[PDB]
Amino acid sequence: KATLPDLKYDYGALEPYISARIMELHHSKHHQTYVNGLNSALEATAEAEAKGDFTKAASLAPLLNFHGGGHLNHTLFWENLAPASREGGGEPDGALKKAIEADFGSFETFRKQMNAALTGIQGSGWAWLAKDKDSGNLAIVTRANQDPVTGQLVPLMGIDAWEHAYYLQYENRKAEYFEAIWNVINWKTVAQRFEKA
């Protein structure tokens, strides 16, 4: 079944940009809950279907979307987060940089639009840098709740805008979080994602 991926660093390795207690709760509590809920959903869909109860199997689709989205979203999230002193922060280079410039004008303009995109989210949700699977063309998208980036879009970089991703440190000052997190984004990971398939 699905498992919680370990982090590549200690919970407090993203300070002062994200607090240890946030990293701790977020990974060990919130994501774990999505892992658990993802396994429970697949198991119920399975057991309902072996019984020919499609009404029941189809009634689990929202929980599969919520938890399956959560597990995926957070997995990609830790992956593109890293300590500022090491591979976190800065900006991309090579092929990824060139497409960002060609699709957004500059990295700085992309940053602004993404922060703007994050700001505009009403309630719980995510903003993503994504590409078209076929052309590679880049876009800034947002997702409500745990809805994922899938299908025609491949996700490259995600910032979680749920209140639980920042409130303990930044409280209602969500702008400060959105500005701060760029220091711990791992653009090496984003490039790998972009430069593949």
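Numbers follow the displayed sequence, beginning with 1.
Peer 1: Averaging CA B factors per stretch from the PDB record, which one is higher: 74-82 or 101-109?
Peer 2: It is 101-109.
Peer 1: Averaging only over Cα atoms, indicate whether 133-141 or 29-37 has the higher B-factor in the PDB entry.
Peer 2: Higher mean C-alpha B-factor in the PDB entry: 133-141.
Peer 1: Between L63, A44, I159, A165, which one tops the list for C-alpha B-factor in the PDB entry?
Peer 2: By C-alpha B-factor in the record, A44 ranks first.
Peer 1: Splitting the chain's C-alpha B-factors into thirds, which one does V190 fall into?
Peer 2: It falls in the top third of the chain.
Peer 1: By the record's CA B-factor, is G52 among the lowest, middle or highest third of residues in the chain?
Peer 2: It belongs to the highest third of the chain when residues are ordered by C-alpha B-factor.
Peer 1: Among all modelled residues of this chain, ranked by Cα B factor, put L96 in the bottom, middle or top third, i.e. lowest, middle or highest.
Peer 2: Top third by C-alpha B-factor.
Peer 1: Can you work out whether the C-alpha temperature factor of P148 puts it in the lowest, middle or highest third of the chain?
Peer 2: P148: CA B-factor falls in the middle third of its chain.
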